[PDB]
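**Q** Compute the structure for the input listed below.
(chains A and B)
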Amino acid sequence: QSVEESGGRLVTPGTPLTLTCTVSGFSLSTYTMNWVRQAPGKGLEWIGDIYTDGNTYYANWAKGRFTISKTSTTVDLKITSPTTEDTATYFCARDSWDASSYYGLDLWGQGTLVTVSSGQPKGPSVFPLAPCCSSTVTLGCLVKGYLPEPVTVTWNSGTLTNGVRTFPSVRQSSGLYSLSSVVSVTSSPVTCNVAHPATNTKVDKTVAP
Amino acid sequence: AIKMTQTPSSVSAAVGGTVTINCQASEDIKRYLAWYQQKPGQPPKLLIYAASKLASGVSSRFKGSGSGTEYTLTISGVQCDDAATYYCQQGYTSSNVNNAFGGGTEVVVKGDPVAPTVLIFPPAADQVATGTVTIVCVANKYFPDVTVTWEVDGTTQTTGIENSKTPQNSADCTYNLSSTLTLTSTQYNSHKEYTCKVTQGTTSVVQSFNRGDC
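**A** Numbers count the residues shown, from 1 in each chain, chains lettered A, B, ... in the order given. Right below this line is the structure:
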């Protein structure tokens, strides 16, 4: 059985947004479904749920701000009037109960990312990192100025993996994101491949000693 | 509202030791309570349901107990693979709730210590040309935590600095850290020697470059 979320995207404040959770291999007349969000670096926040019989419940802060509904194979979360405080990964998860036995949220999706900003989506600038001008070297690339998250960084199209260290992204005061990645190689062409699917862009930068 | 109060917010334990996490409910929740583990980038994973029952496949090193308003998760024989954030969650009611989850508890596992490997990278020419530069300093594979000090011609920097630390490595408990110093190209050209200093305990490791020699 499985659960998967979709619909997360970059959206301006006030623009209604609907997320979808598609379920497989179980019945929504047996399982209750829940929406839970989590802002980057923060704790889990229960948003609300919809029981097998159709009764919907929302967290007190969430009442009037979200609407939950379902068909037989999907559950929707509509965010009525998004604000920047709503930026988060949104998860769908199922739970159930027995006689007196609460079974917990045992199946979760991978989550869908909602970014709320009046800013335009922006692809990354990619800058090489090399030691100032042993036989082995650490090279890097600094990826800055992108929105929304995520970008992926690989080295030589994924063929260099040993000694790769990528750091968590950091939101800038501009609201744009930055991250860096370094790789240690034996000094024998080393290229970082930075993809940003949200703007349909990929950037390859060949890093020179 | 029904409130879940989870303490402490952070706890550390040596490898092999025991961690205890407490959960207080504002009302009797009659053991309709679950515990989860979460690592960055992943959804949470159910560990314990019905307050004390192990979810399928979960190790018996994780133990849930309690009743009424007071619950506890104990983790025995702590390993690096257990470094994570843990959450309690009430399944007693969906009415009059602000958060069904507690605030979470970060568990830091103290494994074998390792001194950091430190590197500094001067800004590339293509950066300088944008008007703003970012100098990058990295501290790789280390435990316990370090402090970074940036110095520009021997003066300590207090602004323009951002630090980004990985979660603990699930095999060996170590961190990696990137620290960046951001300056205008004019500010960057106003000085010569750029230094990152990384301190662990009392032991410092220093890397520098001269803007001129680049």
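**Q** Assign the spatially most central residue of chain B to helix, strand or coil.
**A** In chain B, the centroid-proximal residue (CA atoms, centre = their mean) is residue B:167; its distance is 5.1 Å. Put simply, residue B:167 is coil when judged by DSSP: H, G, I helix; E, B strand; the rest coil.
**Q** Same question for residue B:95.
**A** Classification of residue B:95 by three-state DSSP places it in coil.
**Q** In three-state terms, label residue A:14 for me.
**A** coil.
**Q** which residue packs closest to it, ignoring adjacent ones?
**A** With CB to CB, 6 or more residues apart in numbering or on different chains as the criterion, residue A:14 has its nearest non-adjacent residue at 5.4 Å, and that residue is residue A:81. Every residue, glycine included, has its C-beta placed from N, CA and C.
**Q** Show me chain B divided up by domain.
**A** The record's domain split for chain B, according to curated CATH domains, is B:1-111, B:112-214.
**Q** closest to residue A:106 out of the ones you listed?
**A** Evaluated over these, closeness to residue A:106 peaks at domain B:1-111, with 5.0 Å, by CB to CB.
**Q** got the end-to-end distance for that closest one?
**A** 40 Å (CA to CA, to the nearest Å).
**Q** likewise stretch A:128-137?
**A** With CA to CA as the measure, stretch A:128-137 spans 14 Å from end to end.
**Q** tell me which residues in it are buried?
**A** Across stretch A:128-137, burial judged by 16 or more other CB atoms under 10 Å in any protein chain shown covers A:128-131, A:137.
**Q** that older thread, who are the neighbours in contact with the residue nearest to the centre of chain B?
**A** B:39-40, B:83, B:175 (CB atoms under 8 Å, 6 or more residues apart in numbering or on different chains).
**Q** cool, residue A:162 as well?
**A** With CB under 8 Å, 6+ apart, residue A:162 has these contacts: residue A:184.
**Q** Would you list the phi and psi of it?
**A** phi -70, psi 130 (degrees, to the nearest 10).
**Q** can you list the domain ranges for chain A.
**A** A:2-118, A:119-209.
**Q** Just the terminal-to-terminal distance for the last one.
**A** Looking back up the chat, that one is domain A:119-209. Span of domain A:119-209 from end to end, CA to CA: 36 Å.
**Q** what separates it from the chain centre, distance-wise?
**A** Taking CA atoms, centre = their mean, to the nearest Å, one finds domain A:119-209 lying 18 Å from the centre of the chain it belongs to.
**Q** what's near enough to touch residue B:77?
**A** Going by CB under 8 Å, 6+ apart, residue B:77 touches B:16, B:18, B:61.
**Q** rerun that using 6 Å as the cut-off
**A** Contact analysis of residue B:77 by CB atoms under 6 Å, 6 or more residues apart in numbering or on different chains lists residue B:61.
**Q** so how far is residue A:28 from it?
**A** Counting by CB to CB, to the nearest Å, the gap between residue B:77 and residue A:28 amounts to 39 Å.
**Q** what's the answer for residue A:134, then?
**A** 60 Å.
**Q** Tell me, how many residues neighbour the spatially closest residue to residue B:27 that is not a sequence neighbour?
**A** Among residues not flanking residue B:27 along the chain, residue B:2 sits closest, at 5.4 Å (CB to CB, 6+ apart). By other CB atoms under 10 Å in any protein chain shown, 18 other residues sit near residue B:2.
**Q** Quickly note the distance from residue B:2 to residue B:29.
**A** Taking CB to CB, one finds residue B:2 at 7 Å from residue B:29.
**Q** which parts of chain A sit against chain B?
**A** A:43-46, A:49, A:57, A:59-60, A:91, A:101-104, A:106, A:108, A:127-129, A:132, A:138, A:142, A:165, A:167-168, A:170, A:180, A:182 (CB under 6 Å from any CB of the partner chain).
**Q** show me the contacts for residue B:191.
**A** B:152-153.
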